[PDB]
Amino acid sequence: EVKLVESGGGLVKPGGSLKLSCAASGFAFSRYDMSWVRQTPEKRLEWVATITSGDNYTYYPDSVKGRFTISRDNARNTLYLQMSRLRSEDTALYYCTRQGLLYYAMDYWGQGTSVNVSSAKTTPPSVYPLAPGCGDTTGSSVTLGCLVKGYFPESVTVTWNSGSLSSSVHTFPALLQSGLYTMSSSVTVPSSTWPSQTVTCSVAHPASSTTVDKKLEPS
Amino acid sequence: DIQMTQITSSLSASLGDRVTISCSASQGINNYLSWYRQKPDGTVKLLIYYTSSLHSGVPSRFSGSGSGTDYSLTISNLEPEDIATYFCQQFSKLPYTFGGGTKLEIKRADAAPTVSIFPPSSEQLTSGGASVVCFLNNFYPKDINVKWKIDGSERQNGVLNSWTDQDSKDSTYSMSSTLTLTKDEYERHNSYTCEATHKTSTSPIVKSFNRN
Amino acid sequence: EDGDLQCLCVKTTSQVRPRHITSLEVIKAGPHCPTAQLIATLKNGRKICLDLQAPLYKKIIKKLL
């Protein structure tokens, strides 16, 4: 295999610095043009840097000129991307890649080291239970849930009844509102078996070292 | 800069089908296009280079084509390893630009959403906030629309909508509509309604509650 | 189309007498020429571009790369 391990990715405060690394293995690294590409949270791909294998030049796009500084070390078989004066926009997943040879597309890409970039400090989640209020429509199935407000960094993993009622469950992607993350999770069960049975949502957020259980009480 | 336009954000195709996935370019590239595939989780891997030459270790069903500004990747007899996003790059000149990406999802017989509405919990009202939540679960296709109505007149102000990936289990999408409100102005109104327009019926499906 | 720089070898031939070729330069793919090329330089002095689609190509991939 041609392999590209990447590292150095992490959380950084706006206007900060960080140095990404990309370890190469499975080819003559010195005789290959190397590049960096990033995937925005939005999702899209974005070219970031390239460097000529005849040691020569570096090429960047307008969006990051002068701030970013690609560089290699053929001795180590390692490619660095020296970032500085980071921004909100630079929040993305950064892949190192291999151009080259006959047709100059990126033929091999690494796993991808991540670069979350924000000013927010770690915060455990508020957890609020979601149960149907008042109107007794009941019906033959019933859906419940758990709202998880005001947390950071995104990483929360909501599970139900120790994954007992795990089919008929929908965990939604976390949107970012007011500098902090917000997500929810719904779960559906037979109408009969709820009010009687214990139904607990367990919200683990290992970033803040927390786990918040919550039983769902009727109304 | 070359604007690389991949027109279909996502597209529906039943397993074992033939799929065409188009990528148009702002200016003439000299069939110096590429194709990439990104497994929902995994790395991305080079599929086609030039315009049609396949990378090593790529199945035979993948075949690229095109000339000038228009290009296509095409996959005969689709296999479930191919449910993924696909990207076209060009490398004719700097700066290297990619496509928007085309997500590949599996067609099922469109089903309507089971809509549930929830008032903000007492635990949160103590905190001094009020989030009205509306789940719209197990439907198809992804194309869905939501109206929030306080006392009969709509509001698009504190809304936030989060959609799921296509359920690996049963090929149905589900979404979550959160109406974040200041807890005082939550109590200045009584009727909270959450409408949902979908392909499966003409007039919308409505779930609501009052404060009493 | 605002003409950027181009490849030296935009078009090629497989058709040439190897008896004529005194030398052979190969250059990689680059940002200023997407396809790689190779330049056969003849006895009389001309240089020519030879096809990488033909099996003159398996002596490239290995050769430089």
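Residues numbered from 1 in each chain as written, not as in the entry; some residues may be left out. Chains lettered and ligands numbered in written order. Heavy atoms only, no water. Residues with missing side-chain atoms left out of burial classes, pairs and counts.

As deposited, the entry is annotated with X-ray crystallography as its determination method and 3.74 Å as its resolution.

## A short note on the overall build of chain C
Test applied: Labels follow the DSSP assignment, with helices taken as runs of H or I lasting at least four residues and strands as runs of E lasting at least two, numbered in each case from the N terminus. Residue contacts follow a heavy-atom distance rule, with two residues in contact if any of their heavy atoms lie within 4.5 Å.
When helices and strands are counted, chain C shows one helix and three strands. Beginning at the N terminus, the succession of helices and strands in chain C can be written as β-β-β-α. Here the C-alpha coordinates of chain C stretch approximately 40 × 25 × 15 Å along the principal axes. Counted over contacts in chain C with a minimum sequence separation of 6, partners at least 24 positions apart contribute 42%.

## A word on the packing of aromatic side chains
Worth spelling out the cut-off: The pairing test for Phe, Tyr and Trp rings, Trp by its six-membered ring, is centres within 6.5 Å, and the orientation test on the planes gives stacked under 30 degrees, edge-to-face over 60, and tilted for anything in between. Relative accessible area decides the class of each residue, using a 1.4 Å probe on protein chains only: under 20% of the type maximum gives buried, over 50% gives exposed, and in between gives partly exposed. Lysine and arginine charges are scored as sitting over a ring when NZ or CZ, respectively, is within 6 Å of the ring centre and within 35 degrees of the ring normal.
Overall, the coordinates contain 20 aromatic pairs over all chains when judged by the stated rule. A ring pair is formed by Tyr104(A) and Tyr96(B), whose centres lie 6.1 Å apart and whose planes are at 45°; its orientation type is tilted. Taken together, the residues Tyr104(A) in the loop between strand 8 (92-98) and strand 9 (108-109) and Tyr96(B) in the loop between strand 9 (85-90) and strand 10 (102-105) connect one chain to another. Judged by relative accessible area, which is 3%, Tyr96(B) ranks as buried. Taken together, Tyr103(A), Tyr32(B), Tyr49(B), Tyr50(B) and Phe91(B) form an aromatic cluster joined through their ring pairs. It is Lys19(A) that lies over the ring of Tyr80(A); its NZ or CZ is 4.5 Å from the centre.

## Description of the UniProt feature "binding site: heparin" in chain C
Residues and elements named next belong to chain C. Basically, it comes down to this: UniProt positions are given in the numbering used here, feature names are shortened, and annotations may be inferred rather than shown by experiment.
As recorded in UniProt, the sites labelled "binding site: heparin" are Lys58, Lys59, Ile60, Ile61, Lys62, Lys63 and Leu64. By relative accessible area, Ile60 is classed as buried at 6%. Every residue in contact with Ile60, bar those within four places of it in the chain, is listed here: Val26, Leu38, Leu52 and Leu65. Discounting residues that sit within four places of it in the chain, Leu64 has contacts with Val26, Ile27 and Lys28.

## Points about the state of the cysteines
Condition: For the purposes of this analysis, a disulfide is any pair of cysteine sulfur atoms at a distance within 2.5 Å.
In this structure the tally under the stated criterion is six disulfides over all chains. Look at chain B and number its bonded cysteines as they come in the sequence; the links are 1-2, 3-4. Summary of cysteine pairing: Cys134(A) is not part of a disulfide, and the nearest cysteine sulfur, belonging to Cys134(B), is at 16 Å. Residue class for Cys134(A) comes out exposed when judged on its relative accessible area of 54%.

## Section: the nonpolar core
Residue and element names in this part refer to chain A. For clarity, the threshold we go by: Nonpolar cores were defined as sets of buried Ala, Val, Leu, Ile, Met, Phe, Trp, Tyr and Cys residues, with membership established by side-chain atoms within 4.5 Å.
By size, the foremost hydrophobic cluster in this structure holds 24 residues, and its most contacted members are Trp36, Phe68, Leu79, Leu81, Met83 and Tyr94. For this core, the elements supplying multiple residues, two or more each, are strand 2 (17-25), strand 3 (34-39), strand 4 (45-51), strand 7 (78-84) and strand 8. Among all residues touching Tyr94, those that are not within four sequence positions of it are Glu6, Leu20, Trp36, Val37, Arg38, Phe68, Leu81, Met83, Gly112, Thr113 and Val115.

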